[PDB]
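Presented below, as structure tokens, is a lone chain in the form deposited in one PDB entry.
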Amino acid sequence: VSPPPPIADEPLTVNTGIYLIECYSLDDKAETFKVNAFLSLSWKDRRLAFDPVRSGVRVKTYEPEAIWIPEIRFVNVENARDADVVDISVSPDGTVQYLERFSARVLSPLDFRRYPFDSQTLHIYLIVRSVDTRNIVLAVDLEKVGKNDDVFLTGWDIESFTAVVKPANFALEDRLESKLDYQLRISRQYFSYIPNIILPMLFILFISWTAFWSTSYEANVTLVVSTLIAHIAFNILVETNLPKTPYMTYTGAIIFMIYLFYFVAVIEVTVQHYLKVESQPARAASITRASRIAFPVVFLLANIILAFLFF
């Protein structure tokens, strides 16, 4: 078993296809996803040609060991795919039709900038390394690229699964490599975040703003310090569900900005008390009255500016 010889000097074309069966375990922190799919391969090996008159069968079936099979790998995998060959069917001209079902943990990076209103392009890169005897090139058989309707990725919407038909042919360590880009387009189901994180977080912030209708320093301290603690709890929760990015994320920006609002409300509460104690409640009263409008107005504008910057 060695590669099929060329009729001229042409490279050997391996037609490929990936059909997704199961898509699961999309880890945001790890920037990985698990995939269970069909991998279909097709090439001509004239040495396998037969007469069905003589052989008695129109199509021959071979075991992987019996014939030459191209060493196909995935670029962006943790470990080599766990594959089980489904069928190897040889037609009288020497055309080999290979099918396997595999499972792999794919490493494809994610862009969390718009999180949790973000979309991703997951990649599955198919590769073949050319042999000394002859050069191997990958092709996309669009008829054999797809996914079933059952394919469900928890907390995501699956938009598309397509292949970039033109392979990336390049030199690596004195040999040729033919790379294929299978792109799985997905968009996050942002719903859950609103009642689970966003609105709870806004409610505690608004609770802190009731200190602007209070003259009790002891109560105001309790209000603004306690809501701040509840915010720290949400911040920790959020940062446990996300990786450490070298950029700011949308949720991250909002969460951070709210700390500034808590900080300024502590300043306001302090200023109001100091003046009241210094026997000038008229100044304290005018600051507190301004705060009642300024805090929500600045909050609303800051958020518009933020949303504008991110989307």
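We call the rigid core the largest set of C-alpha positions that still match within 1.5 Å between the two forms. The numbering used is simple: start at 1 and walk along the sequence shown.
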Entry B factor averaged over C-alpha atoms, 104-112 against 166-174: higher for 166-174
Of 228-236 and 122-130, the stretch with the higher mean C-alpha B-factor in the deposited entry is 122-130
Which of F50, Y250, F261, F33 ranks first by CA B-factor in the deposited coordinates
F50
From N135, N196, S216, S187, the top C-alpha temperature factor is at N135
Lowest, middle or highest third of the chain for the C-alpha temperature factor of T154?
highest
State the tercile, meaning the lowest, middle or highest third, of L99 with respect to the CA B-factors recorded for its chain.
middle
Please place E268 in the lowest, middle or highest third of its chain by C-alpha B factor as given in the entry.
lowest
Among the modelled residues of its chain, the C-alpha B-factor of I88 falls in the third labelled highest
Ranking the modelled residues of this chain by C-alpha B-factor as given in the entry, is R58 in the lowest, middle or highest third?
highest
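The same protein has a further form, the form deposited in another entry, not shown here; the description that follows concerns it.
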Identify which of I72, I124, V140, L228 has its C-alpha displaced by 2 Å or more between this form and the one not shown once the rigid core is superposed.
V140
What changes in the other entry is the Cα distance between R175 and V145, by 3 Å or more; the two atoms are farther
Cα-Cα shift for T16 and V145, closer or farther in the other entry, minimum 3 Å
farther
